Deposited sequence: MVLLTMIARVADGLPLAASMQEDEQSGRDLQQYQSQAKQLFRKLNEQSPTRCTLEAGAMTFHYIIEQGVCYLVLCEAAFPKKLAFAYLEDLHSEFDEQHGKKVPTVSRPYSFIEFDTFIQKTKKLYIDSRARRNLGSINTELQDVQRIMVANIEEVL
């Protein structure tokens, strides 16, 4: 029922696209940048991470991590279902160009698709671990 979305290249943690709306974000995106650095070729394929009252869901495909942040009370099953909608569209449009870029947020214009498919979520109409362990 609230938001934080990030897409990063798993190899070096290079950000690709993100979506953030406030009206906090300082501490919560900092640990998303910390997890993006800890991911490697050995990381779990799909995982769920709990930060006390909040909750992380991420998937990794084609060396691209699709992380979402959200408080704990949100249905985990549907959170992955939306990251499936993100990974599919990204792989279609710029999946051919993600091992080529080097600048941060090279696909920041993908943000126009992240907020629209998430309003199709925020509205009604796998591993378990704690984040303080992975970091």
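Gaps in the model relative to the deposited sequence occur at 24-28, 131-147, listed in sequence order.
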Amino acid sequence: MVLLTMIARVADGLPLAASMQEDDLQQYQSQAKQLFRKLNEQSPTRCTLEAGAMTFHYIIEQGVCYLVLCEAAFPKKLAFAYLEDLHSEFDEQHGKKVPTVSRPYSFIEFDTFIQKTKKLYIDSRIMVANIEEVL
From here on, numbers count along this sequence of modelled residues.
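For the pair 33-41 and 85-93, the mean Cα B-factor is higher in 85-93. In this entry, 47-55 has the higher mean Cα B-factor, the comparison being between 47-55 and 96-104. In the PDB entry, residue 74 places in the highest third of its chain by CA B-factor. In the PDB entry, a CA B factor belonging to the lowest third of its chain's modelled residues is recorded for residue 9.
Residue 126: CA B factor lies in the highest third for its chain, per the PDB record. When the modelled residues of the chain are ordered by C-alpha B-factor, residue 18 sits in the lowest third.
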